[PDB]
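Just below is one structure, and these are the notes that go with it.
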Amino acid sequence: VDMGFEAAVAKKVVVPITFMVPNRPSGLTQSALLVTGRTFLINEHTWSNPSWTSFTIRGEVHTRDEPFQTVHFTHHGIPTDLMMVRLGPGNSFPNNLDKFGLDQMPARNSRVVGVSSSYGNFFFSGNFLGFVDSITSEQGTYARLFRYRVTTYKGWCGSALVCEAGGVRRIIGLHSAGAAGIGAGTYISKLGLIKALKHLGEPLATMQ
Ligand SMILES: CCCCC/C=C\C/C=C/CCCCCCCC(=O)O[C@@H](COC(=O)CCC/C=C/C/C=C/C/C=C\C/C=C/CCCCC)COP(=O)(O)OC[C@H](O)COP(=O)(O)OC[C@H](COC(=O)CCCCCCCCCCCCCCCCCCC)OC(=O)CCCCCCCCCCCCCCC
């Protein structure tokens with residue numbers, strides 16, 4: 001059970017983010033995934049909730065009326081729970097692109113490892129149950145997910161999902177939902193990330 005990769009994910013990728021609201025005594029804390037430069041990945045249902053007035057990430061406070069550049073991923077016309085957010089100028093994130101994406105799909109009942117900063121830092125684990133085209137949720141249908149056998153809790157959203165295929169372990173999801181001891185995470189592809197970063201203007205050298 002080598003977790004050198006997952007520890008690297010915990011060290012460089014997963015961070016706490018807290019949404020501050022004028023509706024409730026405390027901020028809603030979850031996880032975010034630093035991608036590169038000034039962009040990170042976040043759950044759509046958290047980002048789009050109209051209540052928050054600021055959020056904190058990597059020691060910075062950002063208000064809602066700031067001009068974020070964002071990409072909301074869809075699949076065959078159905079929304080996914082995945083959002084990409086680029087902040088204004090500031091201290092750069094690590095370049096974590098090498099940690100995302102698998103070219104082969106994980107073998108059924110291989111091990112999924114979640115990497116979370118939602119309650120302090122922790123890992124969770126469960127076996128891969130396969131991809132699903134959609135889930136039916138309390139906030140509607142969401143597209144392009146995969147499921148894993150493990151009981152998950154409110155706040156674990158945004159945790160990185162590390163799967164294995166072809167001898168390699170990579171992040172291919174972030175946690176979205178739970179239902180009766182089975183969690184669901186929204187799928188992340190390297191090609192989607194690359195094209196979203198280009199749309200957002202996140203400067204990257206292209207390997208020729
Ligand atoms: C074993 C054999 C394998 C099997 C084969 C598999 C399949 C075979 C074929 C099958 C049938 C064919 C069918 C196709 C399947 C193919 C396989 C496949 O999967 O292909 C997929 C293609 O995607 C991929 O490439 C993945 C990648 C996967 C594969 C792709 C194919 C390959 C392609 C290329 C191949 C190789 C190339 C390799 C390259 C190497 C790398 C490249 C290096 C270079 C198909 O998926 P689809 O086409 O369906 O979607 C496209 C994309 O995924 C998402 O779209 P996106 O652009 O990113 O979204 C646009 C927009 C962004 O948001 C905003 O910007 C507005 C927000 C704007 C606000 C902010 C922006 C403005 C800024 C403000 C201020 C900014 C300040 C500065 C500004 C300056 C500039 C500003 C910006 C420019 O989002 C919205 O929509 C609005 C969002 C709303 C839509 C949602 C609806 C409801 C929303 C809410 C949730 C629910 C709540 C309900 C309330 C309503």
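Within each chain, counting starts at residue 1; across the structure tokens, chains are named A, B, ... in the order shown, with ligands numbered 1 upward in that order.
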
List as a PyMOL selection string the protein and nucleic acid residues lying within 8 Å of ligand 1, with only C-alpha atoms and all ligand atoms counted.
chain A and resi 44-45+48+66-81+139-142+189-192+194-196+199-201+206-207

Take the residues that were just selected and, keeping N, CA, C and O atoms, output them as a compact mmCIF listing (two decimals), in the first residue's frame.
# COMPACT_ATOMS: atom_id res chain seq x y z
N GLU A 44 -19.48 22.58 -8.45
CA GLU A 44 -20.39 23.57 -9.01
C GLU A 44 -21.46 23.95 -8.01
O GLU A 44 -21.84 25.12 -7.91
N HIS A 45 -22.00 22.96 -7.28
CA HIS A 45 -23.14 23.27 -6.42
C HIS A 45 -22.73 24.16 -5.26
O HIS A 45 -23.54 24.96 -4.78
N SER A 48 -21.95 27.83 -7.04
CA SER A 48 -23.14 28.52 -7.52
C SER A 48 -24.17 28.82 -6.43
O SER A 48 -25.16 29.51 -6.72
N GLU A 66 -16.03 39.87 -7.16
CA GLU A 66 -14.79 39.89 -7.93
C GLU A 66 -15.02 39.28 -9.31
O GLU A 66 -15.96 38.51 -9.51
N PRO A 67 -14.17 39.63 -10.31
CA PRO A 67 -14.38 39.15 -11.68
C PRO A 67 -13.70 37.81 -11.95
O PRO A 67 -12.74 37.71 -12.73
N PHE A 68 -14.17 36.76 -11.30
CA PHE A 68 -13.57 35.45 -11.54
C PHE A 68 -13.83 35.00 -12.97
O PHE A 68 -14.93 35.17 -13.50
N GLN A 69 -12.82 34.41 -13.60
CA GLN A 69 -13.04 33.66 -14.82
C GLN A 69 -13.32 32.21 -14.45
O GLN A 69 -12.56 31.60 -13.69
N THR A 70 -14.42 31.67 -14.95
CA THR A 70 -14.83 30.32 -14.57
C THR A 70 -15.23 29.50 -15.78
O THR A 70 -15.72 30.03 -16.78
N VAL A 71 -15.05 28.19 -15.65
CA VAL A 71 -15.52 27.23 -16.63
C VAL A 71 -16.36 26.20 -15.89
O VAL A 71 -15.91 25.62 -14.89
N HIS A 72 -17.58 25.97 -16.38
CA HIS A 72 -18.47 24.95 -15.86
C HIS A 72 -18.53 23.82 -16.89
O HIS A 72 -18.95 24.04 -18.03
N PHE A 73 -18.11 22.62 -16.50
CA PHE A 73 -18.07 21.51 -17.44
C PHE A 73 -19.45 20.88 -17.60
O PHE A 73 -20.20 20.73 -16.63
N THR A 74 -19.79 20.52 -18.84
CA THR A 74 -21.02 19.82 -19.17
C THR A 74 -20.69 18.56 -19.96
O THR A 74 -19.60 18.43 -20.53
N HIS A 75 -21.64 17.63 -20.00
CA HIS A 75 -21.47 16.39 -20.75
C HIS A 75 -22.77 16.09 -21.47
O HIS A 75 -23.81 15.89 -20.83
N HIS A 76 -22.71 16.07 -22.81
CA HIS A 76 -23.88 15.81 -23.66
C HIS A 76 -25.06 16.69 -23.25
O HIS A 76 -26.21 16.24 -23.22
N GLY A 77 -24.77 17.95 -22.92
CA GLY A 77 -25.81 18.90 -22.54
C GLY A 77 -26.28 18.84 -21.10
O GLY A 77 -27.12 19.67 -20.72
N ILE A 78 -25.79 17.90 -20.30
CA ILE A 78 -26.15 17.83 -18.88
C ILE A 78 -25.04 18.48 -18.07
O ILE A 78 -23.85 18.27 -18.37
N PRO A 79 -25.36 19.27 -17.05
CA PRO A 79 -24.31 19.82 -16.19
C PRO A 79 -23.57 18.75 -15.39
O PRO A 79 -24.17 17.77 -14.93
N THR A 80 -22.27 18.95 -15.23
CA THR A 80 -21.49 18.25 -14.22
C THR A 80 -21.38 19.12 -12.97
O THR A 80 -21.68 20.31 -12.99
N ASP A 81 -20.93 18.50 -11.88
CA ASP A 81 -20.66 19.19 -10.63
C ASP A 81 -19.24 19.77 -10.59
O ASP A 81 -18.74 20.10 -9.51
N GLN A 139 -30.26 18.29 -5.63
CA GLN A 139 -30.15 19.54 -6.39
C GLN A 139 -30.18 19.27 -7.89
O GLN A 139 -29.60 20.01 -8.69
N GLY A 140 -30.86 18.19 -8.29
CA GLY A 140 -31.03 17.87 -9.70
C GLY A 140 -30.08 16.79 -10.17
O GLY A 140 -29.33 16.17 -9.40
N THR A 141 -30.15 16.55 -11.48
CA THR A 141 -29.28 15.58 -12.12
C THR A 141 -27.90 16.18 -12.35
O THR A 141 -27.78 17.36 -12.68
N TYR A 142 -26.86 15.36 -12.19
CA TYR A 142 -25.50 15.75 -12.54
C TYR A 142 -24.86 14.64 -13.36
O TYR A 142 -25.16 13.46 -13.16
N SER A 189 -10.85 14.88 -16.66
CA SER A 189 -9.95 14.43 -17.71
C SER A 189 -8.88 15.48 -17.96
O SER A 189 -9.11 16.68 -17.81
N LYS A 190 -7.68 15.00 -18.34
CA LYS A 190 -6.58 15.91 -18.64
C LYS A 190 -6.91 16.79 -19.84
O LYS A 190 -6.57 17.99 -19.85
N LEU A 191 -7.57 16.23 -20.85
CA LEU A 191 -7.93 17.00 -22.03
C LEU A 191 -8.91 18.11 -21.68
O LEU A 191 -8.77 19.24 -22.16
N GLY A 192 -9.90 17.81 -20.84
CA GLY A 192 -10.81 18.86 -20.38
C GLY A 192 -10.09 19.96 -19.62
O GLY A 192 -10.35 21.15 -19.85
N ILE A 194 -6.95 20.87 -19.87
CA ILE A 194 -6.08 21.63 -20.76
C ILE A 194 -6.89 22.66 -21.54
O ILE A 194 -6.47 23.82 -21.70
N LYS A 195 -8.05 22.26 -22.05
CA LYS A 195 -8.83 23.16 -22.88
C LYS A 195 -9.51 24.23 -22.02
O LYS A 195 -9.68 25.37 -22.46
N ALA A 196 -9.89 23.88 -20.79
CA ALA A 196 -10.43 24.91 -19.90
C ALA A 196 -9.37 25.94 -19.53
O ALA A 196 -9.64 27.14 -19.53
N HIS A 199 -9.00 28.38 -22.31
CA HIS A 199 -10.13 29.31 -22.34
C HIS A 199 -9.97 30.37 -21.25
O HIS A 199 -10.27 31.55 -21.49
N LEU A 200 -9.47 30.00 -20.08
CA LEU A 200 -9.33 30.98 -19.00
C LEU A 200 -8.09 31.84 -19.13
O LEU A 200 -7.93 32.78 -18.34
N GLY A 201 -7.21 31.57 -20.09
CA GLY A 201 -6.02 32.38 -20.24
C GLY A 201 -4.91 32.06 -19.27
O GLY A 201 -4.06 32.91 -19.02
N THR A 206 3.48 24.85 -24.10
CA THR A 206 3.01 23.60 -24.69
C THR A 206 4.22 22.75 -25.07
O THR A 206 5.14 23.23 -25.74
N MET A 207 4.22 21.49 -24.60
CA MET A 207 5.29 20.54 -24.89
C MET A 207 5.15 20.09 -26.33
O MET A 207 4.15 19.47 -26.71

Spatial neighbours of residue A:104, 10 Å, only C-alpha atoms, chain gap at least 5 places, as a list in words:
residues 164, 165, 166, 167 and 168 of chain A

Contact residues around stretch 156-162 of chain A with only C-alpha atoms at 8 Å, ignoring same-chain residues under 3 positions, as a ChimeraX atom specification: /A:6,9,14,30-33,41-43,112-118,152-153,169-177,185

Take the residues that were just selected and, keeping N, CA, C and O atoms, output them as a CSV table (one decimal), in the first residue's frame.
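What follows is the written file again27.csv:
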chain,number,residue,atom,x,y,z
A,6,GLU,N,-0.4,9.9,-3.1
A,6,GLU,CA,-1.5,10.5,-2.4
A,6,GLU,C,-1.0,11.5,-1.4
A,6,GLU,O,-1.6,12.4,-1.1
A,9,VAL,N,-0.3,14.5,-3.4
A,9,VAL,CA,-1.6,15.1,-3.6
A,9,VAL,C,-2.0,16.0,-2.4
A,9,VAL,O,-2.4,17.1,-2.5
A,14,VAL,N,-4.6,19.4,-2.6
A,14,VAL,CA,-5.8,19.6,-1.9
A,14,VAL,C,-5.6,20.7,-0.8
A,14,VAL,O,-4.6,20.7,-0.1
A,30,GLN,N,-14.9,23.1,2.9
A,30,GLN,CA,-14.7,22.0,2.1
A,30,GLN,C,-13.3,21.9,1.5
A,30,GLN,O,-12.4,22.7,2.0
A,31,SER,N,-13.1,21.1,0.5
A,31,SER,CA,-11.8,21.0,-0.2
A,31,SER,C,-11.8,21.7,-1.5
A,31,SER,O,-12.9,21.7,-2.2
A,32,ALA,N,-10.7,22.2,-2.0
A,32,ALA,CA,-10.5,22.6,-3.4
A,32,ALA,C,-9.2,22.0,-3.9
A,32,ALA,O,-8.4,21.5,-3.1
A,33,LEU,N,-9.1,21.9,-5.2
A,33,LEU,CA,-7.9,21.3,-5.9
A,33,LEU,C,-7.2,22.4,-6.7
A,33,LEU,O,-7.7,22.9,-7.6
A,41,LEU,N,-10.0,23.8,-8.9
A,41,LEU,CA,-11.2,23.1,-9.2
A,41,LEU,C,-12.1,23.1,-7.9
A,41,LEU,O,-11.6,23.0,-6.8
A,42,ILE,N,-13.4,23.3,-8.2
A,42,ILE,CA,-14.4,23.4,-7.1
A,42,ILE,C,-15.7,22.7,-7.5
A,42,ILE,O,-15.9,22.6,-8.7
A,43,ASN,N,-16.5,22.3,-6.6
A,43,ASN,CA,-17.8,21.8,-6.9
A,43,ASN,C,-18.7,22.9,-7.4
A,43,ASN,O,-18.7,24.0,-6.9
A,112,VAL,N,-10.0,3.2,-4.7
A,112,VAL,CA,-10.2,4.7,-4.8
A,112,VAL,C,-9.7,5.3,-3.4
A,112,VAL,O,-10.1,4.9,-2.4
A,113,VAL,N,-8.8,6.3,-3.5
A,113,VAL,CA,-8.3,7.0,-2.3
A,113,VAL,C,-8.7,8.4,-2.4
A,113,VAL,O,-8.3,9.1,-3.3
A,114,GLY,N,-9.5,8.9,-1.5
A,114,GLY,CA,-9.9,10.3,-1.3
A,114,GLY,C,-8.9,11.0,-0.5
A,114,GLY,O,-8.4,10.5,0.5
A,115,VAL,N,-8.6,12.2,-0.9
A,115,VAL,CA,-7.6,13.1,-0.2
A,115,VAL,C,-8.3,14.4,0.1
A,115,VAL,O,-8.7,15.1,-0.8
A,116,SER,N,-8.5,14.7,1.4
A,116,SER,CA,-9.4,15.7,1.8
A,116,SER,C,-8.7,16.7,2.7
A,116,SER,O,-7.8,16.2,3.5
A,117,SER,N,-9.1,17.9,2.7
A,117,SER,CA,-8.7,18.9,3.7
A,117,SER,C,-10.0,19.5,4.3
A,117,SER,O,-10.0,20.6,4.8
A,118,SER,N,-11.1,18.7,4.3
A,118,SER,CA,-12.4,19.3,4.7
A,118,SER,C,-12.5,19.3,6.2
A,118,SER,O,-13.3,20.1,6.7
A,152,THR,N,-19.5,8.6,3.0
A,152,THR,CA,-18.9,9.9,2.9
A,152,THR,C,-19.9,10.9,3.7
A,152,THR,O,-21.1,10.6,3.9
A,153,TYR,N,-19.4,12.1,4.0
A,153,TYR,CA,-20.1,13.0,4.9
A,153,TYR,C,-20.1,14.4,4.2
A,153,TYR,O,-19.3,14.7,3.3
A,169,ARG,N,-1.2,5.8,-10.6
A,169,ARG,CA,-2.2,6.4,-9.7
A,169,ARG,C,-2.3,7.9,-10.0
A,169,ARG,O,-1.3,8.6,-10.0
A,170,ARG,N,-3.5,8.4,-10.4
A,170,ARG,CA,-3.7,9.8,-10.7
A,170,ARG,C,-5.0,10.2,-10.1
A,170,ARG,O,-5.9,9.4,-9.8
A,171,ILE,N,-5.2,11.5,-10.0
A,171,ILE,CA,-6.5,12.1,-9.6
A,171,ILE,C,-7.4,12.1,-10.8
A,171,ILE,O,-7.0,12.8,-11.8
A,172,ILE,N,-8.5,11.5,-10.7
A,172,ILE,CA,-9.5,11.6,-11.9
A,172,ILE,C,-10.8,12.0,-11.4
A,172,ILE,O,-11.8,12.0,-12.2
A,173,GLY,N,-11.0,12.5,-10.2
A,173,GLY,CA,-12.3,13.0,-9.7
A,173,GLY,C,-12.2,13.9,-8.6
A,173,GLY,O,-11.1,14.0,-7.9
A,174,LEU,N,-13.2,14.6,-8.3
A,174,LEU,CA,-13.4,15.2,-7.0
A,174,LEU,C,-14.7,14.9,-6.4
A,174,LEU,O,-15.7,14.8,-7.2
A,175,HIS,N,-14.8,14.7,-5.1
A,175,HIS,CA,-16.0,14.2,-4.5
A,175,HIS,C,-17.1,15.1,-4.6
A,175,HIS,O,-17.0,16.3,-4.4
A,176,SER,N,-18.3,14.5,-4.9
A,176,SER,CA,-19.5,15.3,-5.2
A,176,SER,C,-20.7,14.9,-4.2
A,176,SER,O,-21.3,15.8,-3.7
A,177,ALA,N,-20.9,13.7,-3.9
A,177,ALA,CA,-22.2,13.3,-3.3
A,177,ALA,C,-22.1,11.9,-2.6
A,177,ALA,O,-21.1,11.2,-2.8
A,185,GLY,N,-18.1,10.8,-7.3
A,185,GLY,CA,-17.2,11.9,-7.6
A,185,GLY,C,-17.3,12.2,-9.1
A,185,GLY,O,-17.6,11.4,-9.9

Margin query: Just to confirm, what's the straight-line distance from atom CA of residue A:96 to atom CA of residue A:63 in Å (one decimal)?
Written below: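 Pair atom CA of residue A:96 / atom CA of residue A:63 returns 25.3 Å.
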
- Task: Name the residues of stretch 10-136 of chain A that fall into strand (DSSP E or B) according to DSSP on the backbone, using the chain letters and numbers of this document, as number ranges by chain.
- Result: A: 14-20, 28-37, 39-43, 54-57, 60-63, 69-75, 78-86, 93, 100, 111-116, 118, 120, 122-136
